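Before any questions on binding or motion, here is one chain by itself as structure tokens, the form deposited in one PDB entry.
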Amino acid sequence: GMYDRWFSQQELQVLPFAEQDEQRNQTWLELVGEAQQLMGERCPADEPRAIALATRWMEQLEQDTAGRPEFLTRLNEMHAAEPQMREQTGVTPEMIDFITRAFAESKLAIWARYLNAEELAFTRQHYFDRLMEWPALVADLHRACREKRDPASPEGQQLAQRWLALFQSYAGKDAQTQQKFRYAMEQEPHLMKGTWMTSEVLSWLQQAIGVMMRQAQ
């Protein structure tokens, strides 16, 4: 079995995509149908329909991976490697790329109200630079939260420093710009949609960052 070569039996018990679910299949039929439509029209990634689709799409993926970021990586790799996956779902690499760009536009459209033109141009340019490293970090943040580790611990501060590096890769290294991203997150919860970042894990990360800022302040 395809799913058996890609996931452990313990993972297949927790993976919603493993379970039969007619509602979920109908939802994905509609998501893929709308993607094909918009791509057929050559709809730009910043069009309101593209932004709305990408948001719903990523929220659906968050549900169907049970909020486990490492299952997103696995599913992307399966789609790249397994012709049977592309047949089953109708999701093409072009489609994943379209959704990836529209999802970025959905964040940039919110940030545009909190950043100056220069900060937004930097973030638009550098958004994708280290994008692929986020799932592994979000996974480790999920583990640190569940294993109720101390944000102030050396291992907690290793996660805070890893977060800072990935964040600065798209935000830049200006302390004032970082506070604008923080303010945007506080004012616009919709920024967190499709990021695998639950309020519980964000709260833990916020504590770890708090410690990091005050040590060498």
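Heads up, when I say rigid core I mean the largest set of C-alphas that superpose within 1.5 Å between the two forms. The numbering used is simple: start at 1 and walk along the sequence shown.
Another form exists, deposited in another entry; not displayed. Remarks below refer to it.
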| property | result |
| --- | --- |
| Threshold 2 Å Cα movement between this form and the one not shown at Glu41, rigid core reference | yes |
| Core-aligned CA displacement of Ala80 at least 2 Å between this form and the one not shown | yes |
| Exceeds or equals 2 Å, Cα of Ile209 between this form and the one not shown, core fit | no |
